[PDB]
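Chain residues, written in single-letter form:
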Amino acid sequence: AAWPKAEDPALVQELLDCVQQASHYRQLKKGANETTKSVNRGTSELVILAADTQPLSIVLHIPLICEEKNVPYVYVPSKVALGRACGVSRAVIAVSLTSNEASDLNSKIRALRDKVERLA
Amino acid sequence: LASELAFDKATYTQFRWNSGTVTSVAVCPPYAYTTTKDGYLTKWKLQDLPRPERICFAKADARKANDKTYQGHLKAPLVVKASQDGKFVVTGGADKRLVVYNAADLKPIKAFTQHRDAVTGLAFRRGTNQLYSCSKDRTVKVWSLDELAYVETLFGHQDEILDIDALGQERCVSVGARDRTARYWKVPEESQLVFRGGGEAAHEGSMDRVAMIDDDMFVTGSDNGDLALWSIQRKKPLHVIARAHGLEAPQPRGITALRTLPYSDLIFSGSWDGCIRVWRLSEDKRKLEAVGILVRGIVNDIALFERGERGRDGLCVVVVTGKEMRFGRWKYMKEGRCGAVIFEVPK
RNA sequence: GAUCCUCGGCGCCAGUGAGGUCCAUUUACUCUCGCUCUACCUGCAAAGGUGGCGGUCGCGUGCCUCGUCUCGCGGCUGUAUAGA
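Thresholds, definitions, all that
- Residues numbered from 1 in each chain as written, not as in the entry; some residues may be left out.
- Chains lettered and ligands numbered in written order.
- Part of a larger assembly, values for the part shown.
- Heavy atoms only, no water.
- Residues with missing side-chain atoms left out of burial classes, pairs and counts.
- Near = heavy atom within 4 Å.
- Polar contact = N/O pair within 3.5 Å; in protein donor to acceptor, adjacent residues only side chain to side chain.
- Helix = DSSP H or I, 4+ residues; strand = E, 2+ residues; numbered from the N terminus.
- Nonpolar A, V, L, I, M, F, W, Y, C, P; charged D, E, K, R; others polar.
- Contact = heavy atoms within 4.5 Å.
- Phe/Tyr/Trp six-rings, centres within 6.5 Å; stacked < 30°, edge-to-face > 60°.
- Buried < 20%, exposed > 50% of the residue type's maximum accessible area, 1.4 Å probe, protein only.
- Axes fitted to C-alpha atoms, helices over the stretch in contact; angles between N-to-C directions.
- Parallel < 35°, antiparallel > 145°, perpendicular 65-115°, else oblique.
- Left-handed = near helix turned anticlockwise from the far one by under 90°.
- Pairing = 2+ DSSP bridges.

Structure determination for this entry is recorded as cryo-EM, at 3.2 Å resolution.

> Mind showing me how you'd approach the protein's contact with RNA strand C here?
Lining the immediate surroundings of RNA strand C are 14 residues, of which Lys37 of chain A together with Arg51, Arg54, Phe57 and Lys59 of chain B lie closest. The sugar-phosphate backbone supplies 39% of the atoms of RNA strand C found within 4 Å of the protein. Side-chain polar atom of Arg54 of chain B to a base nitrogen of RNA strand C: 3.1 Å apart, as the coordinates give it. In the environment of RNA strand C, a base oxygen lies 2.8 Å from a nitrogen or oxygen atom belonging to the backbone of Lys59 of chain B. Secondary structure elements with two or more residues in the surface near RNA strand C: α2 (32–40) of chain A together with β5 (56–59) of chain B. Here the element with the most residues in the surface near RNA strand C is β5 of chain B; it accounts for three residues. Here the residues of the surface near RNA strand C are counted per class, giving five nonpolar, one polar and eight charged.

> Got a minute to help me understand the interface of chain B and chain A in this structure?
When the parts of a complex come together, some accessible area is lost, and that lost area is often used as the size of the interface. On the chain A side, the residues contacting the 14 residues of chain B number 17 residues. Taken together, the residues of the side of chain B that touches chain A sort by class into three nonpolar, four polar and seven charged.

> Could you clarify how one ought to interpret the packing of aromatic side chains in this entry?
For any pair of aromatic rings, geometry is given as the distance between the ring centres together with the angle between the planes. Throughout the structure, instances matching the rule amount to eight aromatic pairs over all chains. Arranged with centres 5.8 Å apart and planes meeting at 75°, the rings of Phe195 of chain B and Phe218 of chain B form a pair that is edge-to-face. Of the two residues examined, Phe195 of chain B and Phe218 of chain B, each falls in the buried class. Put simply, the rings of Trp3, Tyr73 and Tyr75 of chain A pair up and form one aromatic cluster.

> Any chance you could explain the packing of helix α1 (residues 11–24) of chain A against helix α5 (residues 104–119) of chain A here in plain terms?
Two numbers describe a pair of packed helices, the interaxial angle and the distance between the axes. Residue and element names in this part refer to chain A. Between α1 and α5, the shortest axis-to-axis distance is 11 Å and the interhelical angle comes to 150°. Relative to α5, the element α1 lies roughly antiparallel. In the crossing of α1 with α5, the sense of the turn from one axis to the other is left-handed. Contact with α1, carried on its side by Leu11, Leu15, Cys18, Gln21 and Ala22, involves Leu105, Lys108, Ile109, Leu112, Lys115 and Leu119 of α5 and no other residues of that element.

> Whenever I open this one, the pairing of strand β19 (residues 217–222) of chain B confuses me. Can you help?
On a regular strand, each side chain points to the face opposite its neighbour's, so the side chains alternate between the two faces of the sheet. Residues and elements named next belong to chain B. Counting buried positions along β19 yields six of six residues, so the element is predominantly enclosed. As paired strands, strand β18 (residues 207–212) and β19 are joined by five bridges and run antiparallel to one another. If you follow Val210 over to β19, its bridge partner there is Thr220.

In structure tokens:
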């Protein structure tokens, strides 16, 4: 069910790096429930999930509402890599990252979901 | 002294105790220390070959005072490393702090609070109590432990720092957390010599552990199973070897422990695969072959010994596994405890 | 087909997002292995007096070597790697 699977040749790495930079700019909603709140409230600019979920059904619900809100989603293959990409000390299973009016981070979100649009 | 040791005859020992969480190790030849997330810094004892268990410990206190340098901590320590003489013990952690004090009765006298996130790595200079303390505010500070005074801060870390190794000269090899960069400190002239990786079946997300074999080259371990030697002479890697602890759609398991023998060619690298993995530097001193495989749980930290006498035949080395990883509990396993697998290499 | 109020009885109650539990210095819990004194006993168990192997001082010194090694009696009290 991971048909937007991100490729380990550095697209995963740019995803997790932009996760970390958004974590340092506090633009980051972590975990599946808070990701779901950000997508349902429409604050979300991009959303990554983790395909290393042991039952992946517990994150399969957010591609629905991301298709409804028309925000790009993409899966990285490790919730541990996403977890310390956030800086959490636990495994983050699905992360959402928003934006503001003016930031270089918002530019990096723009180019990043341009690459996600090249996937989907 | 790689092939002058017999890996196939290793005499191991699996000691465990109650706290279940153990994080690091500190040798004081021979006296071994540990640090457990229950809050313990244990002085335990091993010496005689032809077995001893432990003597004493200290507790991290939930003590609501402010700028207090006494015996009270605030929170559990993370890593510990002990002096070459045997006259100072120092630790630091997510109580945002160090303490340094007498190693015999183990009563904390100085709590250094100059760092401001968490003290995530610690090393010495050999033969001198010049201390290097590297911390989660992505900095590395250097201490004059002769006065227990503060010396200098250093900067250049792109990301939250992760580990330091240092030797008898005023120099360091640090690692940043995710930035794929080992960072070679010229301490007196406060310069730095940046060695970045970018291994190119995962690519290098983070770069976990570091070890200096000598004053000319070193080795770093990344979380994609890439183990890399680096010459100080050259910006490129001296060697990169891939999938250092097997796979687990599967992914290479990352290196969680690396420590080498100084002025030697013996590389000690472990993971959550359960098997310790000893490497050697090759005869060309440029490449790397397999001196081989040699328990349960996910190995956080690892130590060193030697026979050290006129003979110098047969090492001793403990792995200090634990159930989780060392700073955060991103991965949990039922296997391992607060343990110590002392395996001794004969000949 | 009246609706609501009053008086009864019977039930019953939004957000956020990374912190949180114990408290001088202990030794988790279970299974196996090894068990540093022995004997006579005042002795039913269990505790004390004494003897073999001791072990330490004082002394006689034995010694084809007058040191080390074969020993003994007189004040005392047991201790080996010791736990895997």
